[PDB]
Structure formats: structure tokens, C-alpha cells
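One chain comes next, on its own, written as C-alpha cells: the form deposited in one PDB entry.
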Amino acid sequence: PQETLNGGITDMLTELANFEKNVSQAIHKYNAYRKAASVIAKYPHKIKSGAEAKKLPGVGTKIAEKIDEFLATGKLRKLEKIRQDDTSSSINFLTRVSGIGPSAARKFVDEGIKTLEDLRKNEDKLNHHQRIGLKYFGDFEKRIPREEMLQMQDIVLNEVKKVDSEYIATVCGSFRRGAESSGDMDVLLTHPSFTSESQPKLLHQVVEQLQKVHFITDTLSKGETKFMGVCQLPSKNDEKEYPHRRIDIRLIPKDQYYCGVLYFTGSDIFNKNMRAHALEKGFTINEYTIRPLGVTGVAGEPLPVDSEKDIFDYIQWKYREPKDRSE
């Protein structure tokens, strides 16, 4: 539905969500407000009262009251006040730097560091992740058009294959479901030599190749199974530079790969629905495995999985393509 419907309500709830997470450090209220915003954003009517909204799952008595106040006055008193509170709006703002969470944002604002310029002048106080997040603050808040995702995928798959043609790499996330834009790039990597029961340089060799061709420009964190960093598409003769983008690469054991691909393809809602059905059929599906449940509820050993299809086959579901996995 068009934002013209309940965009004022949804924006208000998301704003309240951020202050719960970033200022109050109340992650479950942050998720409460988000869930309310999501269910409202799906509702195909311009909401007329708090009681109407309360019929939706995730909207309770308090959000109903807030909606009544927003509908009658066009604002929320509590939101206006915290909006103009110098310290709270600064803590909320600083968490938009990757690497700055609620605790670091609080500590910063406590000692007078409230803006990006303040952070710039205080690099001594920033860890490595935070410095990168600052350097790319604007680029990281930009979306990635799908054409650029295809160009990024071209490079990633080419260089992975060049390191060892037995690697398997899949770009997941909404991109794999067909999305016209993406927030980051999520790469799932495996190799036949790497199983649950089997090697500490499998991920490193791929990261190193991507750094040697100057696709990966920065590293946020790197271990033996997860890389989080920054990359940038190459520009040409006299064209403007592409923004820097967030990329993650995870190395998964071959026998857990398609459980990983399924899970990191999503959507979140599809995942829950698929996991709901799997239970109803006697299986438990997590990020790693699919296991049968005994009649006492006791989980058995993980079943062999060799494609996404196998998982659908186990739970008597027709294979669905990623484009039809929105829910």
C-alpha cells in the first residue's frame, strides 16, 4: 500500500523503535515497535482510529493510544520532546555509524562527542570497525541497484573460481530473490574439502584474491569462517566513482551449505513459515541442519542435504524458487 495510507503512523513507530534501541537499550521494545510498523505498513486501509489498529497482531493498547494521539493532533508529544533532546537525538544519531552501538554512542555523547565532525576530531577514541564506518558513513546508507549487484557478483564468482574451481559460492539475500536493490552483499562459500567432521585458509585465500584485484578495500572483521568488509566496483577513464559497499562472506561446511543458502535467502517471513510447516511434519529446521523429531520431541541426527530441493522434499513441500519466497 502507498505510504499515503499510514506513513505518518509507520514513520512515528519506526522513530520510537530507534529511540528504544539506541537510547533506552530496550531491544524488545525496538522489535515491538517494528513489528507494529510492519503489520500496519501491510494494512490496505488508511487507519481511522487506534482501536482499528489494535485488531492487528503486534499492535497493543499503548500503540493504539499513540495512534489516537497522532490521528487527532498530527504529532506525538513524547516523540517531539525526545526529538529536540540534544543528548538523546545525538546518541540515536551516532549509532548510524557502523561499529557504534548504543553503548559506544552513550559513552561518546557523555564526553561531548555528538556529531560526525566530533568523531573525525577524535579518531584516537575509535576502534578499527568504527573508523571504517565513519569513513564510509554516507556510502553505507545508500542502496545498491541490482545492476551493480550483478557486476559485484560477476567479480566475486570469477575470483572465487580462479582461486579454486571447486569452491561453490552463492550470493544470497533479497538479491537472490530478485530484488531491484540491495543493502549489502551476502556471499555463502563452501568447498568439498570442508565438512562438519573434517582448511583454516579456505576463507582467507578467497578474501586475499578479492583484495589483490582491489575489489575488497577494507576489513571490518575476519576469522576462519566469517569475513565482514567493504568493497567497491571499479570505475573507468573519467566516470565518477561507485560508492563503497558492505560485503560479508561466510564459509559453511558443505553438508550444511544448502541449509545456509536457504536460510540466508529468506525472506524472514518465508523462513518462519517454512519452519512452521517443517515442525507440523516432524522436522526441525535451523540455519545449519534439518533433523527429524521423535514422538517424545527428541531431535535425531541431521539428515543429508545436497540442494535446497532436498529440504523441501523432506517436509513434503513443492520446491519454490527464490523469487516466490517473499512469504
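Whichever C-alpha set is largest while still superposing within 1.5 Å between the two forms counts as the rigid core. Numbering starts at 1 and runs along the sequence shown.
In the record comparison, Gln199 is unmodelled in at least a third of the other entries of this protein that model the residues flanking it.
The entry models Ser198 and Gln199 with a gap of 1 to 3 deposited residues left without coordinates. Here the stretch with the larger average CA B-factor, out of 286-294 and 268-276, is 268-276.
Comparing 117-125 with 94-102, the stretch with the higher mean C-alpha B-factor in the PDB entry is 117-125. Between the residues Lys35, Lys48, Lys66, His28, it is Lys48 that shows the highest Cα B-factor in the PDB record. The PDB entry assigns the greatest CA B-factor among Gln232, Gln84, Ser221, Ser165 to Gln84. Placement of the Cα temperature factor of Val59 within the chain: lowest third of the modelled residues, per the deposited record. Per the PDB record, residue ranking by Cα B-factor puts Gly178 in the middle third of the chain. Ranked by Cα temperature factor within the chain, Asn18 sits in the lowest third according to the deposited record. Remark: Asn237 belongs to the highest third of its chain, ranked by C-alpha B-factor as recorded. Looking at the C-alpha B-factors along this chain, the one for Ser193 belongs to the highest third.
There is another form of this protein, the form deposited in another entry, and it is not shown here; the text below is about that form.
The Cα position of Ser307 differs by 2 Å or more between the shown form and the other one after fitting on the rigid core. Relative to the superposed rigid core, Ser165 undergoes a CA displacement smaller than 2 Å between the shown form and the other one.
A movement of the C-alpha atom of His214 falling short of 2 angstroms is seen between the shown form and the other one when the two forms are aligned on their rigid core. A shift of at least 3 angstroms brings the Cα atoms of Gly99 and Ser267 nearer to each other in the other form than in the displayed structure. In the other form, the Cα-Cα separation between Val156 and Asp306 grows by 3 Å or more relative to the displayed conformation.
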